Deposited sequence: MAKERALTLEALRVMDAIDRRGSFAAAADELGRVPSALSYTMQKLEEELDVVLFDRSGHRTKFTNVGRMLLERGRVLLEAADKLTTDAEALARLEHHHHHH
């Protein structure tokens, strides 16, 4: 869909690094790749997620940012757990 783990990762990196350009540096992509992801999410959910000026998240943007970090942690834990089992097989 447009809510992807990558979109949540983009949102997390923009919050942490402060801007599209700094977040794109972290993720190793060109900035337009990050804005494209965010445009598709904003258009699907039909809401503004943040305003750049550092970056300020909207109320809906902050809920996706904060609850999305819980999902990212769970995805990393699942990845870790599956690889650990795989080494035993």
(request) Write out the missing regions of the deposited sequence in sequence order, one range per stretch. (result) 1-4, 58-59, 96-101
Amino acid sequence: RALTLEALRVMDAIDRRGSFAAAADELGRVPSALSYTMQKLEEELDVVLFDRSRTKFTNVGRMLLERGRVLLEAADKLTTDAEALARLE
From here on, numbers count along this sequence of modelled residues.
(message) Quick check: 59-67 versus 41-49, which has the larger average CA B-factor in the record?
(response) 41-49
(request) Would you tell me which stretch averages the higher CA B-factor in the PDB entry, 68-76 or 17-25? (result) 17-25
(request) Sorting the chain's modelled residues by C-alpha B-factor, tell me whether residue 2 ends up in the lowest, middle or highest third. (result) highest
